[PDB]
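> One structure follows; several queries about it will come next.
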Amino acid sequence: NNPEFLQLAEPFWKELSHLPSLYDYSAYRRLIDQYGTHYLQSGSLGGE
Amino acid sequence: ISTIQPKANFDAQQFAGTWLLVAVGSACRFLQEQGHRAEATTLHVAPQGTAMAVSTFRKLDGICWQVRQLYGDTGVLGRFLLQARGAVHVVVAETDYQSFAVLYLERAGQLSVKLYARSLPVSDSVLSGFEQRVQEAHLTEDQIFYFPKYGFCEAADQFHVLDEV
Amino acid sequence: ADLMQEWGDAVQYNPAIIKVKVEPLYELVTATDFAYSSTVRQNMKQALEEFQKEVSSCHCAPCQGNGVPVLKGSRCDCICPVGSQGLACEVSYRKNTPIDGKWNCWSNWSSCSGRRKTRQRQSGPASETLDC
Amino acid sequence: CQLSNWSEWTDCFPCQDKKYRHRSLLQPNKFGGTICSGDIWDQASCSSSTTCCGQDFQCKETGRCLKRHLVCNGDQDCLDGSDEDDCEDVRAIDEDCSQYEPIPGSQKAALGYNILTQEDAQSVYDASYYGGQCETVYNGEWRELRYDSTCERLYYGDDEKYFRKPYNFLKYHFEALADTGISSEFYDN
Amino acid sequence: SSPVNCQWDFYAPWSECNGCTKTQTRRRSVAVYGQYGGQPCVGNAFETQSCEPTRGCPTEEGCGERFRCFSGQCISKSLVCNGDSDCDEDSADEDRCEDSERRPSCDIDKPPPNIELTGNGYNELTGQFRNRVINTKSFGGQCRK
Amino acid sequence: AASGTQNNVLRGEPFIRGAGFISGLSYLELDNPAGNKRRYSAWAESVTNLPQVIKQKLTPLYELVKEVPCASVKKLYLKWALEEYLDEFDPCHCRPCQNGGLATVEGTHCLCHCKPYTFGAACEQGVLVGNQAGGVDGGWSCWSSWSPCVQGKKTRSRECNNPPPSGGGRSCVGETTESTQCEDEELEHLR
Amino acid sequence: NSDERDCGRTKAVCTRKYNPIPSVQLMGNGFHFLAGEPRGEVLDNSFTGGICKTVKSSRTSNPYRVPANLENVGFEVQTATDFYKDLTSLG
Amino acid sequence: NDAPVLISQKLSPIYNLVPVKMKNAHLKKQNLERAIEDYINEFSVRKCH
Amino acid sequence: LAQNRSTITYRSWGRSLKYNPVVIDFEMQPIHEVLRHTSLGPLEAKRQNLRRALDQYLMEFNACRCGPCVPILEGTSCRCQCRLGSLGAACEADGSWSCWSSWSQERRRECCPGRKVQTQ
Amino acid sequence: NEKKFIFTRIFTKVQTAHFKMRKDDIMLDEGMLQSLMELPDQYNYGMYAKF
Amino acid sequence: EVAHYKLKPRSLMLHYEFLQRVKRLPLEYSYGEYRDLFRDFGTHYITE
Amino acid sequence: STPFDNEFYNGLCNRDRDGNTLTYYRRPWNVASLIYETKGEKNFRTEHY
Amino acid sequence: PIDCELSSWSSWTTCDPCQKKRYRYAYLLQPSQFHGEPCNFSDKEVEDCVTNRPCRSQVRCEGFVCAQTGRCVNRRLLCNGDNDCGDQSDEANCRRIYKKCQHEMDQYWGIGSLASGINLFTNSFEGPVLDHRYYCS
Ligand SMILES: *[C@@H]1O[C@H](CO)[C@@H](O)[C@H](O)[C@H]1NC(C)=O
């Protein structure tokens, strides 16, 4: 489930903390490149 | 360290042929954590002097393998030795020459039992006797593990073979 | 063969790298571990630029038989497809083999007058430009 | 075979305590000429010896410059043994490093090479010099076989799988590639 | 066909800097993308130069009544000496948990095989998975066999 | 005078995604189109022993910003950054690809992903094996300048573009315009 | 392990360790009627309430452990059928 | 592996193996050099018929 | 496995390569190039002296100075060990390179792949 | 007239490892170091050829 | 493709040999030592 | 046979850790190096007229 | 005909205060091929200087300074049964050891190659640049 205090990963939390307070697209661009755009909520794991 | 009386007048010639491992009762790491992945293990017995040439077929990831071992005699008829950290003492105490076979193995001060049969199914009386013996051997019933009754390897290849001898 | 599963589970122990996402070496040097971080990083970037200019692999003599030049230290060896032997691969058992065009070395940059590079295909790109 | 005359005797050396001279090889056995058993090198006894690193430490007989942090550390850096001598009250850690085996084949990598004869010369690099460094690389040849009949356990080459890298070696970079190329050209005329 | 080389316009106006590592964020937009195997591009997208810090840098988060780890992942103190991956990042603190009572992990050995792949990030425009985001290796003390 | 021409080319590209057993089904395609039953069962057992977490539902990643220093401000800035990331290299910028090809953006370069049994520079050659209906589908254009926040609404106005429906294919599915509420600096940075 | 943290002595509620019912967790999940995929876990199927209640399946001597949330468990496995055949000929 | 035998052999003169700084090392070395030079040319197939 | 022609020997061949790996190929640099990279510091004079000595050694013991047949010069004996014919002592167009001429600076050669001009 | 010639050359190389030697701060063997110390500063073809 | 690899984005431990060689690197621009570093350790490192 | 002593060694034992089996041998100080290159090949030829 | 030739020696640089040495170098102009004469000499030169300039050679460290490698390892990694401070400079003078896994989990298969430097311009592997040591989840 999504809504909870989900224990974030060490690199994810570290990169989220290293983001500047003021709006800076530079760091957020690299963060979105490294981590992506979405995370999985639910669904099966069927192969292909 | 324990020692019991082997089979009276054990004949390796009449014991030769193809054997099928059915149940093994012991307390090992691979038996308790990876016991659910056990497969059909068959045995091949061939006399060689006083010792016993031993070949083992078993499916590993589908591909069969040939484990060739030589049970060295300990100087006493019935008992055998096998060498690889540890010393293996093979002791055959209760068996006939047509239907079943019970083997005893010792390693690092730990006892273990192995039930062998010529073909499936196994008689209920043989299984009851095996259970009685493994209970008399200070082993619990939960430490008993049953093996599949099909999927035995016919023969391996030259590339897939072991050279313990 | 039928032992493809054995090769597959053996690669599980000793695999080979295919795709790589690279990162420059001066970014690996952190300030918390080495003093003078800014100057070291600037010198490392300049050295990387000079190295890329040096080992661009275009300065080697063009090979034959559709060969691919490879730079290694001071020696240059031509990798040739199956069917050609000898140095530079001028001998082959084939006629009028199609030779793939290769790009030459890009020219030096202009002094802030509008940076443009020239290169002749004697299929590599060219006409690169950078604002001053 | 034609050999030139012996050159003039060079100056004597205090430590070498020997003389030296040589000549040049003019013409070897081309087709059927008489060969020359004599060589182009020679030596001579001398008795004109006169006087025979500056770093932290130095071996007694060999001029190997060694730092003091490698003295009395449980590893012989000099062939004479001047680094682990008189180390009475000195703790020597095992490093869990001398138990593992070095890379097989460092001897050939430490030998010289002659392009004229394609043969191996004497040792160039010190294949047994570690300099207190302990680098381990995952071995690739520890994959032969391993079986256990008592527990019916078939596993992989986990026993003794580590290769210590002998300071003089940058990296071993374990890798594997096998390219079998067959070139067959059948012609019939 | 007609090959198309990339051509980007001038970068966007300057932004502010408040990360104690002042660097003017100057992003640009590539108005014309490459096509037909042409030149991808030549110049870098981002450009960081000197900047004047105006806003103060944000201080670290308050770690109230929480055992701090080597990274900074502050969790409840009840997880100390639980005999498992308590912090889920590193075993730095470990609470010197020598005498681990209360049957740590209740002899539960194996987790799901590759739940980290499901917990990993996801990208939609590329169809390729990303790094782990949700640390599912943790347990919170509540063993669920 | 008698002349005969023989030319037969058959190529297969199996995709078996069982880590080690994945290569077996791919290698077995040489001269054997039908998959082996035993090999298929082995691959199924392998896939049972190793999950395939792909094909699952997604959620906005920026929502996971819950307890960090300046959490809400960072979450809003990540919202804006994700919007800019999505609209900076959207496939709308790339020109339409031939034979219904799908275009993507890798950095600053367009790539026309070709349908199976097709190839070429822009998916133009190898139309021998289509096995589809055909035509030219519709593609959404790049979003225009955003609304100036007159009353909070949006002014995306996604309309048709240079790839119109010509070969009878279906038009671009989705809304033509969008409507939302301007954040007003996200309620002046949360009250 | 909060209740069993520092128990000096414990009373054996079950004489032998029995295996749990397979796929017992599927009957504890919630059901979202609107989504067509029932839901994630809501009820716990590992809790037993201390009472070591069991049931013996056919030719499955090893007993299964019935959770406390299951009041009645019955093994009445029985198959329950569609058949389609089409044939066309033209000459 | 139990008992191998020579296949390829690099050559080296014996007079070069004489120990240095001996009593008459240099003169004996040159003398053995002359001796081997005369030996390899003394009797062989070249001198026979 | 050399006389063998089947893939059955490939497993044992790979096993032997695991136990005893041979050196297939390797890059090389002159012996005087490693003296510069020593901890002793500057050795320019000795390095140049050894470089001149190696340049003279590669000429006094060159493969051409040996008797023409692959010519292999080892010590003071000239051999080819065969010409694959096994007809005579040397196991007798053919082609043969002439030796490097004296330093003039010019340097001539005659008969043919390779270079024929060198300058000191 | 009949002539048939075939060269079925099959070369197979299996790379067991790829090693790289260091370039700086190389510790030479004690024998080579002694030989280097036994070389005079004046040009001498004999000692250098021996080395 | 057998396994997916990803290096940590920041706060990584450097090798001791590379540590010593960087400590030996000069401050003034000298292309010789930097070229030796490129030849000994490459031009980049592995992130993914 | 050997014309010189090949058993004496100078100082610290120089390891020769190589070979088919797991066994450690010594290299005498008289020999510079002894590699364990286990090469093996063969040749064939046919002639007719 | 295309024998290797290096450019002239670069101008002398100022004596480095920290490294107490001056440096000069040359770069390749034409690569050798066809068994030509290579550039068989050092592409750089080093000389000793007498520099009088304060340098910040040493770097500070909050945690314990390792005795052999000189690493800034925190005390939380000491006396844990792991080899962190280098070869054996860690685990020194430890009363008890803990925090180690019981099953003795091994390292990732093939992780050694993924920790070494790579030359993207030549596709060749190089020495190790990252510390993939053990340092347990
Ligand atoms: C479901 O459980 C009940 C319990 O009494 C049993 O009678 C029935 O056979 C089971 N199966 C069904 C309803 O399909």
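Numbering starts fresh at 1 for the residues of each chain in the structure tokens, the chains themselves are lettered A, B, ... in the order given, and ligands are numbered from 1 as they appear.
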Quick one: everything within 12 Å of residue 183 of chain F, counting only C-alpha atoms, minus sequence neighbours fewer than 2 positions away in the same chain. Send it as a list in words.

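Everything that qualifies: residues 76, 77, 79, 80, 148, 149, 151, 152, 153, 154, 180, 181, 185, 186, 187, 188, 189, 190 and 191 of chain F.
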
> Check which residues fall inside 8 Å of ligand 1 when counting only C-alpha atoms and all ligand atoms, and print them as an MDAnalysis selection string.

chainID G and resid 72:78

> Taking the DSSP assignment computed from this structure's backbone, write out as JSON, numbers by chain all residues of segment 12-189 of chain F that belong to alpha helix (DSSP H).

{"F": [22, 23, 24, 25, 26, 27, 37, 38, 39, 40, 41, 42, 43, 44, 45, 46, 47, 48, 49, 71, 72, 73, 74, 75, 76, 77, 78, 79, 80, 81, 82, 83, 84, 85, 86, 87, 88, 184, 185, 186, 187, 188, 189]}

> Taking only C-alpha atoms into account, report as a list in words which residues of chain L lie within 8 Å of chain I.

residues 19, 20, 36, 37, 38, 39, 40, 41, 42 and 43 of chain L

> Residues within 10 Å of residue 128 of chain E, please, as a PDB file with C-alpha atoms, in the first residue's frame. Count only C-alpha atoms; anything in the same chain fewer than 6 positions from it doesn't count.


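What follows is the written file out.pdb:
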```
ATOM      1  CA  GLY A  36      12.542   7.355 -12.771  1.00  0.00           C
TER       2      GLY A  36
ATOM      3  CA  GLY E 121      11.433   2.472  -9.423  1.00  0.00           C
ATOM      4  CA  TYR E 122       9.769   2.448 -12.820  1.00  0.00           C
TER       5      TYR E 122
ATOM      6  CA  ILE F  54       7.074  -6.238 -14.650  1.00  0.00           C
TER       7      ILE F  54
END
```

> Give me the chain I side of the contact with chain C, cut-off 12 Å, one line per residue showing its nearest atom pair and distance in Å at one decimal, counting only C-alpha atoms, sorted by chain and residue number, as a Markdown table.


```
| residue | atom | partner | partner_atom | distance |
| --- | --- | --- | --- | --- |
| I:7 | CA | C:1 | CA | 11.0 |
| I:27 | CA | C:75 | CA | 9.6 |
| I:28 | CA | C:75 | CA | 10.5 |
| I:29 | CA | C:74 | CA | 10.3 |
| I:113 | CA | C:87 | CA | 10.0 |
| I:114 | CA | C:87 | CA | 10.4 |
```

> Write the selection just made, keeping N, CA and C atoms, as an mmCIF file, in the first residue's frame?


```cif
data_model
loop_
_atom_site.group_PDB
_atom_site.id
_atom_site.type_symbol
_atom_site.label_atom_id
_atom_site.label_comp_id
_atom_site.auth_asym_id
_atom_site.auth_seq_id
_atom_site.Cartn_x
_atom_site.Cartn_y
_atom_site.Cartn_z
ATOM 1 N N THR I 7 34.561 -32.438 -30.435
ATOM 2 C CA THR I 7 34.274 -31.530 -29.331
ATOM 3 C C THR I 7 34.240 -32.222 -27.976
ATOM 4 N N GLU I 27 51.444 -7.501 -24.825
ATOM 5 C CA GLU I 27 52.130 -6.312 -25.301
ATOM 6 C C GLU I 27 53.517 -6.220 -24.670
ATOM 7 N N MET I 28 54.391 -5.451 -25.315
ATOM 8 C CA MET I 28 55.782 -5.390 -24.894
ATOM 9 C C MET I 28 56.324 -3.982 -25.083
ATOM 10 N N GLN I 29 57.341 -3.655 -24.294
ATOM 11 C CA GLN I 29 58.059 -2.392 -24.354
ATOM 12 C C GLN I 29 59.533 -2.666 -24.099
ATOM 13 N N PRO I 113 58.198 -7.566 -47.711
ATOM 14 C CA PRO I 113 57.469 -6.631 -46.853
ATOM 15 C C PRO I 113 58.362 -6.005 -45.789
ATOM 16 N N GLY I 114 57.951 -4.823 -45.351
ATOM 17 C CA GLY I 114 58.648 -4.087 -44.317
ATOM 18 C C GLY I 114 59.353 -2.860 -44.867
#
```

> Could you give me, as JSON lines, a per-residue list for chain J showing, wherever an atom lies at most 10 Å from an atom of chain M, the closest pair of atoms and their distance in Å to one decimal, using only C-alpha atoms and sorting by chain then residue number from low to high?


```
{"residue": "J:18", "atom": "CA", "partner": "M:125", "partner_atom": "CA", "distance": 8.2}
{"residue": "J:19", "atom": "CA", "partner": "M:126", "partner_atom": "CA", "distance": 8.7}
{"residue": "J:20", "atom": "CA", "partner": "M:126", "partner_atom": "CA", "distance": 7.1}
{"residue": "J:21", "atom": "CA", "partner": "M:127", "partner_atom": "CA", "distance": 9.3}
{"residue": "J:22", "atom": "CA", "partner": "M:127", "partner_atom": "CA", "distance": 8.9}
```

> Could you take the residues named above and write them with C-alpha atoms, as a CSV table (one decimal), in the first residue's frame?


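Saved the output as part.csv:
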```csv
chain,number,residue,atom,x,y,z
J,18,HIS,CA,43.3,-10.1,-19.1
J,19,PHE,CA,46.1,-8.6,-16.9
J,20,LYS,CA,47.5,-5.1,-16.8
J,21,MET,CA,50.9,-4.2,-15.4
J,22,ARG,CA,51.5,-1.1,-13.4
```

> Select residues of chain B: the criterion is any atom within 12 Å of an atom of chain G, counting only C-alpha atoms; output as a PyMOL selection string.

chain B and resi 140-142+144

> Keeping only N, CA, C and O atoms, take the residues you just selected and write them out as a short mmCIF file (atom, residue, chain, number, x, y, z; two decimals), in the first residue's frame.


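Ended up saving to again-v1.cif:
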```
data_model
loop_
_atom_site.label_atom_id
_atom_site.label_comp_id
_atom_site.auth_asym_id
_atom_site.auth_seq_id
_atom_site.Cartn_x
_atom_site.Cartn_y
_atom_site.Cartn_z
N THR B 140 14.13 -37.91 15.45
CA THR B 140 12.71 -37.60 15.47
C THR B 140 12.07 -37.89 14.11
O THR B 140 12.76 -38.05 13.09
N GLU B 141 10.74 -37.95 14.10
CA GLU B 141 10.02 -38.22 12.86
C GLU B 141 10.07 -37.03 11.91
O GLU B 141 10.03 -37.22 10.69
N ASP B 142 10.15 -35.81 12.45
CA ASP B 142 10.24 -34.63 11.60
C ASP B 142 11.53 -34.60 10.78
O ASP B 142 11.56 -33.95 9.73
N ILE B 144 12.66 -36.97 9.10
CA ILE B 144 12.50 -37.90 7.98
C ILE B 144 12.04 -37.11 6.76
O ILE B 144 11.18 -36.23 6.87
#
```

> Running DSSP on the backbone, which parts of chain C land in strand (DSSP E), as a PyMOL selection string?

chain C and resi 22-24+68-72+75-79+84-85+91-92+115-116+129-130

> For residue 61 of chain D, list every protein, DNA or RNA residue within 9 Å, evaluated using only C-alpha atoms, and leave out those in the same chain fewer than 3 positions away; present the list as a VMD selection string.

chain D and resid 58 64 79 to 80

> Quick one: residues within 8 Å of segment 130-144 of chain E, only C-alpha atoms counted, chain neighbours fewer than 3 positions away excluded, as a PyMOL selection string?

(chain A and resi 6-9+12+34-36+39) or (chain E and resi 79+82+84-88+105-106+108+115-117+119-123) or (chain G and resi 1) or (chain K and resi 6) or (chain M and resi 137)

> Counting only C-alpha atoms, what is within 10 Å of residue 169 of chain D, bar same-chain residues fewer than 4 positions away, as a ChimeraX atom specification?

/D:106,109-110,125-127,129-130,165 /J:19-23,26-27 /M:127

> Write a file of the just-selected residues containing N, CA and C atoms, as a PDB file, in the first residue's frame.


```
ATOM      1  N   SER D 106      52.244 -15.826 -12.197  1.00  0.00           N
ATOM      2  CA  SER D 106      52.992 -14.593 -11.979  1.00  0.00           C
ATOM      3  C   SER D 106      54.456 -14.747 -12.370  1.00  0.00           C
ATOM      4  N   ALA D 109      54.837 -13.675 -15.945  1.00  0.00           N
ATOM      5  CA  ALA D 109      54.681 -12.228 -16.031  1.00  0.00           C
ATOM      6  C   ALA D 109      55.880 -11.484 -15.459  1.00  0.00           C
ATOM      7  N   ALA D 110      56.628 -12.106 -14.550  1.00  0.00           N
ATOM      8  CA  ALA D 110      57.807 -11.484 -13.966  1.00  0.00           C
ATOM      9  C   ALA D 110      59.077 -11.730 -14.772  1.00  0.00           C
ATOM     10  N   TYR D 125      60.558  -8.604 -12.624  1.00  0.00           N
ATOM     11  CA  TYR D 125      59.785  -8.095 -11.504  1.00  0.00           C
ATOM     12  C   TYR D 125      59.819  -9.083 -10.342  1.00  0.00           C
ATOM     13  N   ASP D 126      59.615  -8.555  -9.137  1.00  0.00           N
ATOM     14  CA  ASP D 126      59.595  -9.367  -7.923  1.00  0.00           C
ATOM     15  C   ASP D 126      58.183  -9.914  -7.744  1.00  0.00           C
ATOM     16  N   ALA D 127      58.003 -11.201  -8.052  1.00  0.00           N
ATOM     17  CA  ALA D 127      56.691 -11.828  -7.948  1.00  0.00           C
ATOM     18  C   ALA D 127      56.296 -12.146  -6.513  1.00  0.00           C
ATOM     19  N   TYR D 129      56.986  -9.857  -3.890  1.00  0.00           N
ATOM     20  CA  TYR D 129      56.981  -8.604  -3.149  1.00  0.00           C
ATOM     21  C   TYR D 129      55.548  -8.102  -3.013  1.00  0.00           C
ATOM     22  N   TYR D 130      55.099  -7.917  -1.772  1.00  0.00           N
ATOM     23  CA  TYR D 130      53.759  -7.419  -1.494  1.00  0.00           C
ATOM     24  C   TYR D 130      53.739  -6.015  -0.912  1.00  0.00           C
ATOM     25  N   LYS D 165      46.910 -10.674  -4.935  1.00  0.00           N
ATOM     26  CA  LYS D 165      47.614  -9.993  -6.014  1.00  0.00           C
ATOM     27  C   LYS D 165      49.038  -9.685  -5.572  1.00  0.00           C
TER      28      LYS D 165
ATOM     29  N   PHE J  19      45.336  -9.303 -17.956  1.00  0.00           N
ATOM     30  CA  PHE J  19      46.100  -8.646 -16.907  1.00  0.00           C
ATOM     31  C   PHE J  19      46.727  -7.360 -17.429  1.00  0.00           C
ATOM     32  N   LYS J  20      46.920  -6.408 -16.518  1.00  0.00           N
ATOM     33  CA  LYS J  20      47.521  -5.119 -16.834  1.00  0.00           C
ATOM     34  C   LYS J  20      48.588  -4.802 -15.798  1.00  0.00           C
ATOM     35  N   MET J  21      49.800  -4.521 -16.266  1.00  0.00           N
ATOM     36  CA  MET J  21      50.917  -4.220 -15.387  1.00  0.00           C
ATOM     37  C   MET J  21      50.919  -2.741 -15.018  1.00  0.00           C
ATOM     38  N   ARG J  22      51.419  -2.447 -13.822  1.00  0.00           N
ATOM     39  CA  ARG J  22      51.488  -1.068 -13.361  1.00  0.00           C
ATOM     40  C   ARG J  22      52.589  -0.313 -14.099  1.00  0.00           C
ATOM     41  N   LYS J  23      52.426   1.007 -14.179  1.00  0.00           N
ATOM     42  CA  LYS J  23      53.368   1.858 -14.898  1.00  0.00           C
ATOM     43  C   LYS J  23      54.279   2.666 -13.987  1.00  0.00           C
ATOM     44  N   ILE J  26      57.354   0.894  -9.823  1.00  0.00           N
ATOM     45  CA  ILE J  26      57.556  -0.532 -10.051  1.00  0.00           C
ATOM     46  C   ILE J  26      58.764  -0.994  -9.248  1.00  0.00           C
ATOM     47  N   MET J  27      58.571  -2.025  -8.431  1.00  0.00           N
ATOM     48  CA  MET J  27      59.651  -2.612  -7.644  1.00  0.00           C
ATOM     49  C   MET J  27      60.276  -3.745  -8.451  1.00  0.00           C
TER      50      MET J  27
ATOM     51  N   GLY M 127      42.538  -0.959 -13.761  1.00  0.00           N
ATOM     52  CA  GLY M 127      42.653  -1.238 -12.349  1.00  0.00           C
ATOM     53  C   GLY M 127      41.412  -0.875 -11.559  1.00  0.00           C
TER      54      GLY M 127
END
```

> Find, counting only C-alpha atoms, the residue in A:16, A:25, A:42, A:31 that gets nearest to chain G.

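Counting only C-alpha atoms, the residue closest to chain G is A:42.
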
> Considering only C-alpha atoms, return as a list in words whatever protein or nucleic-acid residues lie within 6 Å of segment 29-43 of chain K, sequence-local ones (same chain, fewer than 2 positions apart) excluded.

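The residues that qualify are residues 43 of chain C; 25, 44, 117, 118, 119, 126 and 127 of chain M.
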
> Could the residues in this selection be saved with N, CA and C atoms as a PDB file, in the first residue's frame?


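Heads up, here's the output in again_24.pdb:
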```
ATOM      1  N   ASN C  43      41.733  20.552 -13.481  1.00  0.00           N
ATOM      2  CA  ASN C  43      42.874  19.936 -14.150  1.00  0.00           C
ATOM      3  C   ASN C  43      42.507  18.576 -14.724  1.00  0.00           C
TER       4      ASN C  43
ATOM      5  N   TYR M  25      56.088  17.462 -20.390  1.00  0.00           N
ATOM      6  CA  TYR M  25      55.500  16.330 -21.091  1.00  0.00           C
ATOM      7  C   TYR M  25      55.494  16.586 -22.590  1.00  0.00           C
ATOM      8  N   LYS M  44      57.253  11.818 -20.505  1.00  0.00           N
ATOM      9  CA  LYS M  44      57.278  12.889 -19.522  1.00  0.00           C
ATOM     10  C   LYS M  44      58.617  12.866 -18.799  1.00  0.00           C
ATOM     11  N   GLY M 117      38.067   0.202 -12.966  1.00  0.00           N
ATOM     12  CA  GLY M 117      37.934   1.254 -13.951  1.00  0.00           C
ATOM     13  C   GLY M 117      37.915   0.707 -15.365  1.00  0.00           C
ATOM     14  N   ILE M 118      37.214   1.418 -16.244  1.00  0.00           N
ATOM     15  CA  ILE M 118      37.049   1.014 -17.633  1.00  0.00           C
ATOM     16  C   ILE M 118      37.414   2.185 -18.535  1.00  0.00           C
ATOM     17  N   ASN M 119      38.041   1.876 -19.668  1.00  0.00           N
ATOM     18  CA  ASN M 119      38.398   2.872 -20.674  1.00  0.00           C
ATOM     19  C   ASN M 119      37.335   2.825 -21.767  1.00  0.00           C
ATOM     20  N   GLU M 126      40.531  -1.767 -16.730  1.00  0.00           N
ATOM     21  CA  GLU M 126      41.683  -1.217 -16.025  1.00  0.00           C
ATOM     22  C   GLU M 126      41.649  -1.570 -14.542  1.00  0.00           C
ATOM     23  N   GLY M 127      42.538  -0.959 -13.761  1.00  0.00           N
ATOM     24  CA  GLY M 127      42.653  -1.238 -12.349  1.00  0.00           C
ATOM     25  C   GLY M 127      41.412  -0.875 -11.559  1.00  0.00           C
TER      26      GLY M 127
END
```

> Do you have, as CSV, the list of residues of chain G lying at most 7 Å from chain E, each with its nearest atom pair and that distance in Å to one decimal, counting only C-alpha atoms and ordered by chain then number?


```
residue,atom,partner,partner_atom,distance
G:1,CA,E:102,CA,6.2
G:4,CA,E:102,CA,6.4
G:5,CA,E:102,CA,4.4
G:6,CA,E:102,CA,6.6
```

> Write out as a tab-separated table a residue-level contact list of chain C versus chain M with cut-off 9 Å: for each qualifying residue the closest pair of atoms and the distance in Å to one decimal, counting only C-alpha atoms, rows sorted by chain and residue number upward.


```
residue	atom	partner	partner_atom	distance
C:12	CA	M:109	CA	7.2
C:13	CA	M:109	CA	5.2
C:14	CA	M:110	CA	5.5
C:15	CA	M:110	CA	6.6
C:16	CA	M:110	CA	8.8
C:17	CA	M:114	CA	8.3
C:22	CA	M:120	CA	7.9
C:32	CA	M:59	CA	8.7
C:33	CA	M:59	CA	7.4
C:34	CA	M:59	CA	7.0
C:35	CA	M:59	CA	6.8
C:36	CA	M:56	CA	8.4
C:52	CA	M:121	CA	7.9
C:54	CA	M:28	CA	7.0
C:55	CA	M:121	CA	7.4
C:56	CA	M:121	CA	7.6
C:57	CA	M:121	CA	8.5
C:59	CA	M:30	CA	6.8
C:60	CA	M:31	CA	6.1
C:61	CA	M:33	CA	8.0
C:70	CA	M:122	CA	7.5
C:71	CA	M:122	CA	7.1
C:72	CA	M:122	CA	7.5
C:73	CA	M:31	CA	8.7
C:74	CA	M:31	CA	5.6
C:75	CA	M:32	CA	5.7
C:76	CA	M:33	CA	6.1
C:77	CA	M:33	CA	7.8
C:87	CA	M:34	CA	7.1
C:88	CA	M:34	CA	8.4
```

> Write out as CSV a residue-level contact list of chain F versus chain E with cut-off 8 Å: for each qualifying residue the closest pair of atoms and the distance in Å to one decimal, counting only C-alpha atoms, rows sorted by chain and residue number upward.


```
residue,atom,partner,partner_atom,distance
F:49,CA,E:113,CA,7.9
F:50,CA,E:113,CA,6.6
F:51,CA,E:114,CA,6.4
F:53,CA,E:118,CA,5.3
F:54,CA,E:118,CA,7.6
F:58,CA,E:122,CA,7.7
F:68,CA,E:61,CA,6.3
F:69,CA,E:61,CA,4.9
F:70,CA,E:58,CA,7.3
F:88,CA,E:29,CA,7.1
F:93,CA,E:33,CA,7.1
F:94,CA,E:33,CA,6.6
F:104,CA,E:125,CA,7.6
F:108,CA,E:40,CA,5.7
F:109,CA,E:34,CA,4.6
F:110,CA,E:35,CA,5.3
F:111,CA,E:35,CA,7.3
F:121,CA,E:36,CA,6.3
F:122,CA,E:36,CA,6.9
```
